[PDB]
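This is what each chain is made of:
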Amino acid sequence: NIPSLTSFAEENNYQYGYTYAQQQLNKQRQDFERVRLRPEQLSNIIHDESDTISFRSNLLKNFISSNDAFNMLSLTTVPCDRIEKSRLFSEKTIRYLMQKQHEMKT
Amino acid sequence: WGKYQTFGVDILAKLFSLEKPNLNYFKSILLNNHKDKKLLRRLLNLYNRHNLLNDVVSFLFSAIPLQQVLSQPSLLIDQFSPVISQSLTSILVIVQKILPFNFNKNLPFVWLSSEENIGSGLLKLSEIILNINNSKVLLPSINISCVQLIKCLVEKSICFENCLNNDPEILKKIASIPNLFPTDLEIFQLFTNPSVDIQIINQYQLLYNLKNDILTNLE
Amino acid sequence: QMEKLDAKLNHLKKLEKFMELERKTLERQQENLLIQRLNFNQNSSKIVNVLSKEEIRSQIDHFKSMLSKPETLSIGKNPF
Amino acid sequence: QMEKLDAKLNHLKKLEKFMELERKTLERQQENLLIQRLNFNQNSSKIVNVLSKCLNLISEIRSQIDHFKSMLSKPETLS
Amino acid sequence: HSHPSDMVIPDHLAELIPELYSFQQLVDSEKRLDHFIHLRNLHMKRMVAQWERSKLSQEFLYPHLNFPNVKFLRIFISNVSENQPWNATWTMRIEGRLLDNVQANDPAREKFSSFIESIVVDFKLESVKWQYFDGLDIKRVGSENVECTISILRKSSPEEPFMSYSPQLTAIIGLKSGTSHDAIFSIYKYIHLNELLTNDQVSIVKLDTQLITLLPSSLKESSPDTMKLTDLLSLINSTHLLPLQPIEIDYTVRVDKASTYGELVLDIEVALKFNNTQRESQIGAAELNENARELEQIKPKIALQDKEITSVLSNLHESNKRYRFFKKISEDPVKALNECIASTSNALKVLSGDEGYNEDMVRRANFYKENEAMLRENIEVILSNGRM
């Protein structure tokens, strides 16, 4: 097949109305461009991450994540002088930067 | 991740097939009725010379998964033969019919030696595709597309150096690509196997005749 | 860390370029040697098959006998 | 990320050693080229020397053999 | 669930924490490092495959200049002939001497007896053979003179692939010996430089005056036949190749000369199981498999690190959400405390499944005075269709 560019012309094709070579080329045209342009009627209809995203699950997760983070704010009756600060380094990041600074003189 | 970029390399492959409005407009955009003259000259310098050409060619060198099909052997090329074929067709159109003067930077040289070594990737891909069909429709076109693309990139690099004439020591730097320019032993292998084509070994022997003319002009 | 990474990367890339250039030069010199050898032997055989048409019999047979057995080098170990 | 990078930067040394293997192979090919060049030179010299001996002992025809002597007088016989 | 989305720290965190650029261009600095390993691996898959193809070639067969598998061995062609008037004696001999620091009376020496394939001295008295001692001692009777063509076959083991060629092929190729790959490659590179390649297909090859004598008995010198290359490659396999390597020397045992036990020279060399072991086509494959085992050892420690990288990235996004929620409140605590309520009851209306307008908005009369436009449309639409 792989019919033509002349078979795609408007003269050899039907229009809103109101030969043999044309009716032979339009067989191969409609037999080529209906196995090429047909959509996939099976799975892999996900196509990406941002099509199977769920508004209901994210809305439920945000309803939980706002409620518990607001219960963290108001109901935690620890005064501001008593809120102890967290460490800016870990127990492993403080070992690796003692190791690499020891090995930095090479 | 998603095959959405593979749709763009077919828009660019089919819209380059007309020498009139489709390629004249693309030529005047990539290289350079009375208000859009002001609009186009406003949009082109809002896009941050020749950043558009190297962006389009570097994106078309993406979506050819060289790293993925060469990491692990026939399934991935049998799945990605149309996107590879149309991307190589688009790059061949841009190389042959757009690049030949207002340039100020050597674009085929910074595509050939851009630390990713896409020419070696195309040569290994041609080896891989030549080692499946002789040991599934588009592959004889893809082999000749790869070899002709490497040949046209090297020749346009030398021609751009002859036009610009600012970097004289490039004949060393072209011949110092670690897996370009296939050796005489694999071409000796290709001239013996009956399962190969005629145009494949013709493009290979043309590439080797380019390799010899590198080393003669080197000194 | 980034500096040591880019230093070793540049060194390995320059080593790759040097090895590739030397391999290309070796392949070129091998092919040129083979071509010159074929040319010399073809020319010598052509002029000896032309030239043959006493003393000239002895010298022509001497050159044809020397051409019939090309020789190589004496490469071995050192006994003493 | 730095613990991830240091593993590959320790991995690079074997790929460095493969370059030394390639340098060994290229030096062996250089040895082959030198020995084959030496075996070519002496054979070409001996053959052109006994060719000169034959043209010394040999003496539409005269101009042909004198053209042959113009050929093999200098080592242009590769051309 | 390999999400490509959450590998990006796009703008809102990198502007606040400047180390994230130092993180992000770290990761990109890794991404061009591993790719350099990838172009390394396709390099090491290449050169080994380059060398197993060129294993047969004499680029890696004749140079072995660390230790070549060859030991030279000289042989005296001796002749003792007395008891004649000056019974003509014919004590002809062949003596083998290993070129070493070795002696003549050395016990268990690598002579021409312990190590020679064959020495077939073809005499003109009675011819002798050598089926695979301190010397070759031949003596028959006779009177006048005897000439003997001394022929020495070298140790023609199957692991020395350097074989001789035809008397014609040496005149065109230039190699008096070598492997079959040189015999298949030298005429191949000879064809292209004198345009004997033809097209009708690449297989056809014009013959030459130097190539009609390649096959003189096959009768191709009678017709200049531009034939296929297949007949040429099927020609040079046993029509010219593999003579089991002979050396020859012509000499006569003389009637009056005394001896040649210490006067005559020869040149025959030979151990052989060294250079075919430490070849680059197998050492490179062993190094490739070593690096592959090292990659497969180093990979799960990388995967266990990537697990924790993703688990810390998820906590970074979760903490970014709570930082934004705690900052927008602290900036304006009356407008954020009206957006926190109006997006909580609305977050319940959607999750419950209910829909519609706000009940307390549409209950008043100014709603139907500001929406005077759409009601005159909808009342006519419902009345004209007959549903009012």
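Method information in the entry identifies cryo-EM as the source of the structure, with 3.6 Å recorded as the resolution.

Broken down by element type, chain B carries twelve helices and zero strands. Taken from N to C terminus, the helices and strands of chain B fall in the order α-α-α-α-α-α-α-α-α-α-α-α. Rg of the C-alpha trace for chain B: 19 Å, near the compact-globule value of 17 Å for 219 residues, within the 12% margin. Counting only C-alpha atoms, chain B reaches 60 × 45 × 30 Å along its principal axes. Evaluated residue by residue, chain B yields a buried proportion of 47% over its 219 residues. Roughly 11,800 Å² of accessible area belongs to chain B as shown, and the carbon and sulfur atoms make up 55% of that amount.

Contact residues are listed per partner, giving 35 residues for chain C and 39 residues for chain D. Connecting chain C to chain D are two salt bridges. At the surface where chain C touches chain D, the tally comes to seven residue pairs in polar contact. Breaking the side of chain C that touches chain D down by element, the ones donating at least two residues are helix 1 (2–51) and helix 2 (56–68) of chain C. Top contributing element to the side of chain C that touches chain D by residue count: helix 1 of chain C, with 23 residues. Here the side of chain C that touches chain D is built from residues that sort into 18 nonpolar, ten polar and seven charged.

Side chains of nonpolar character tend, in soluble globular proteins, to be buried together. Grouped together as the largest cluster of nonpolar side chains are 77 residues, with contacts concentrated most on B:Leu53, B:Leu88, B:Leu149, B:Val154, B:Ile174, B:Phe181 and B:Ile214. Examining the composition of this core, we find that eleven residues originate from one element, helix 9 (residues 139–164) of chain B, more than from any other. Not counting residues within four places of it along the chain, the set of residues in contact with B:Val154 comprises B:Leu112, B:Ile174, B:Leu180, B:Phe181 and B:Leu210. Residues E:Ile77, E:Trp130, E:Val146 and E:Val253 belong to the second largest nonpolar core, which totals 25 residues.

In this section: the pairing of strand 1 (residues 72–80) of chain E. Residue and element names in this part refer to chain E. Counting buried positions along strand 1 gives eight out of nine residues, so the element sits mostly inside the fold. Sheet topology note: the strand 1/strand 11 (residues 268–269) ladder contains two bridges and is antiparallel. Its bridge partner lying in strand 11, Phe-72 is registered against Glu-269.

Between chain C and chain E, the residue contacts involve 27 residues of the former and 32 residues of the latter. Between chain C and chain E the total buried area reaches about 2,800 Å² when both faces are included, carbon and sulfur atoms providing 62% of it. Summed over the shared surface of chain C and chain E, the number is two salt bridges. C:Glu16 serves as the salt-bridge partner of E:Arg40, at 2.9 Å between the closest nitrogen and oxygen.

Next up on the list: the arrangement of the chains. Between chains C and D lies the most contact-rich interface of the nine pairs of chains that touch. Regarding chain B and chain D, which are not in contact, the minimum distance between any of their C-alpha atoms is 13 Å.

Here we take up the packing of aromatic side chains. Residues and elements named next belong to chain E. Scanning all chains against the criterion turns up 20 aromatic pairs over all chains. On the numbers, 5.5 Å between centres and 65° between planes, the contact of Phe-67 with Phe-274 is edge-to-face. Relative to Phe-133, the ring of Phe-112 has its centre 5.3 Å away and its plane inclined at 85°; by these criteria the two rings are edge-to-face. By relative accessible area, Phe-133 is classed as partly exposed at 48%.

A separate point is the pattern of salt bridges. What the rule picks out here adds up to 28 salt bridges over all chains. Notably, a salt bridge pairs E:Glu30 with D:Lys8, separated by 2.4 Å at the nearest N-O pair. With one member in each of two chains, E:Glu30 in helix 1 (residues 19–53) and D:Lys8 in helix 1 (residues 2–57) form a pair that bridges those chains. Each member of the pair E:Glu30 and D:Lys8 is classed as buried. Residues E:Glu95 and E:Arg93 are paired through a salt bridge, measuring 3.7 Å at the closest nitrogen-oxygen approach. Where salt bridges share partners, they join C:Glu20, C:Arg23, C:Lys24 and D:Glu22 into one cluster.

With that settled, the discussion passes to a nonpolar patch on the surface. On the surface, a cluster of nonpolar side chains totalling about 490 Å² of accessible area is made up of E:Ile379, E:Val381, E:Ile382, E:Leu383 and E:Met388. By the secondary structure assignment, E:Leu383 is in helix 10 (residues 372–385).

On to the sheet that holds strand 2 (residues 91–98) of chain E, then. All names here are of chain E. Read from one edge to the other, the open sheet built from four strands follows the order 4-2-1-11, with strand pairing classed as antiparallel. Edge positions in the sheet fall to strand 4 (136–138) and strand 11, since each has one partner strand and no second. Summarising the sheet, strand 1 and strand 2 pair through eight bridges and their orientation is antiparallel. Bridging from a neighbouring strand, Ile-77 pairs with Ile-94 of strand 2.

Packed helices, taken two at a time, are described by their axes: the angle between them and the distance between them. Residues and elements named next belong to chain D. One way to put it is that helix 1 packs onto helix 2 (residues 62–73) with a least axis distance of 10 Å and a crossing angle of 150°. Classified by the interaxial angle, the pair formed by helix 1 and helix 2 is roughly antiparallel. Along this stretch, helix 1 crosses helix 2, giving a crossing that reads as left-handed. For the pair helix 1 and helix 2, contact is made by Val-48, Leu-51, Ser-52, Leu-55 and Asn-56 and by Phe-68, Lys-69 and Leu-72, respectively. Tallied by class, the residues present in the contact of helix 1 with helix 2 amount to five nonpolar, two polar and one charged.

Now for the packing of helix 1 of chain D against helix 1 of chain E. Orientation of helix 1 of chain D relative to helix 1 of chain E, taken along the N-to-C sense of each, is 30°, at an axis distance of 11 Å. Our classification of the angle between helix 1 of chain D and helix 1 of chain E gives roughly parallel. Helix 1 of chain D and helix 1 of chain E meet at a crossing whose hand is left-handed. Contact residues: helix 1 of chain D offers D:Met2, D:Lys4, D:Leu5, D:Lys8, D:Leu9, D:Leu12, D:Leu15, D:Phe18, D:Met19, D:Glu22, D:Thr25 and D:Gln29, while helix 1 of chain E offers E:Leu26, E:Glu30, E:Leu33, E:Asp34, E:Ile37, E:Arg40, E:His43, E:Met44, E:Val48 and E:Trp51.

What follows is about the sheet that holds strand 5 (residues 146–153) of chain E. Sheet strands pair by backbone hydrogen bonding; their relative direction is either parallel or antiparallel. Residues and elements named next belong to chain E. If you walk across this open sheet you meet the three strands as 3-5-10, and the pairing is antiparallel. With partners counted over all chains shown, the strands left at the sheet margins are strand 3 (118–123) and strand 10 (246–253), one partner each. Sheet twist, expressed as the average angle between the axes of neighbouring strands with direction ignored, equals 20°.

Moving on, we get to helix 10 of chain E. End to end, helix 10 of chain E covers 20 Å across 14 residues, agreeing with the expected 20 Å (1.5 Å per residue, within 8%). One or two steps after helix 10 of chain E, the chain reaches E:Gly386, where phi turns positive at roughly 80°.

Residue and element names in this part refer to chain E. Among the eight residues that make up strand 2, six are buried, leaving the element largely enclosed by the rest of the structure. Across three bridges, strand 2 lies against strand 4 in antiparallel orientation. From the neighbouring strand, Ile-94 faces strand 4, where its bridge partner is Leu-136.

Criteria and thresholds
Summary of conventions: residues on each chain are numbered from 1 in written sequence order, possibly unlike the entry numbering, and any residue without coordinates is omitted from what is shown. Chain letters start at A and ligand numbers start at 1, both assigned in the order the entries are written. Note that the chains on view sit within a larger assembly, with every value limited to the chains on view. Side-chain metrics in this entry use all non-hydrogen atoms of the structure; hydrogen atoms and water are not considered. Segments assigned H or I by DSSP are reported as helices when at least four residues long, segments assigned E as strands when at least two residues long, and all are numbered from the N terminus. Using C-alpha atoms as the atom set, the radius of gyration is obtained and then compared with a globule rule of 2.2 Å times the number of residues to the power 0.38. Per-residue accessibility, obtained with a 1.4 Å probe over protein chains only, is compared with the maximum for each type, and a residue is labelled buried under 20%, exposed over 50%, and partly exposed between these values. Here, Shrake-Rupley sampling with a 1.4 Å probe gives the accessible areas, and only protein chains in the shown set may cover a residue. Any pair of residues with heavy atoms lying within 4.5 Å of one another is described as a contacting pair. By salt bridge we mean one thing: a side-chain nitrogen of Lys or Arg within 4 Å of a carboxyl oxygen of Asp or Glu. Any pair of nitrogen or oxygen atoms within 3.5 Å is treated as a polar contact; in protein, a donor-acceptor pairing is required on top of that, and neighbouring residues in sequence qualify only through side-chain atoms on both sides. Polar here means any residue outside two lists: the nonpolar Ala, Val, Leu, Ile, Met, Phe, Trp, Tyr, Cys and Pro, and the charged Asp, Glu, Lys and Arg; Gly therefore counts as polar. Nonpolar cores were defined as sets of buried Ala, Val, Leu, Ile, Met, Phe, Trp, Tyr and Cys residues, with membership established by side-chain atoms within 4.5 Å. Strand pairing requires that DSSP identify at least two bridges connecting the strands. By buried area we mean the combined loss of accessible area, with a 1.4 Å probe, across both parts when two parts are placed together. Aromatic pairing here means that ring centres of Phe, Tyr or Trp (its six-membered ring) are within 6.5 Å. Orientation follows from the plane angle: under 30 degrees is stacked, over 60 is edge-to-face, and everything else is tilted. In this analysis, a patch consists of residues with relative accessible area above 30% that form no salt bridge, clustered at 9 Å for like charges and at 5 Å for the nonpolar side chains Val, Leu, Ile, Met, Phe, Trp and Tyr. Between the N-to-C directions of two axes lies an angle of 0 to 180 degrees, each axis being a line fitted to C-alpha atoms and, for a helix, fitted only over the stretch in contact. Between 65 and 115 degrees an angle is taken as roughly perpendicular, under 35 as roughly parallel, over 145 as roughly antiparallel, and anywhere else as oblique. Crossing handedness follows the turn of the near helix against the far one: under a right angle anticlockwise gives a left-handed crossing, and clockwise gives a right-handed one. Take the number of residues in a helix, subtract one, and multiply by 1.5 Å to get its expected span.

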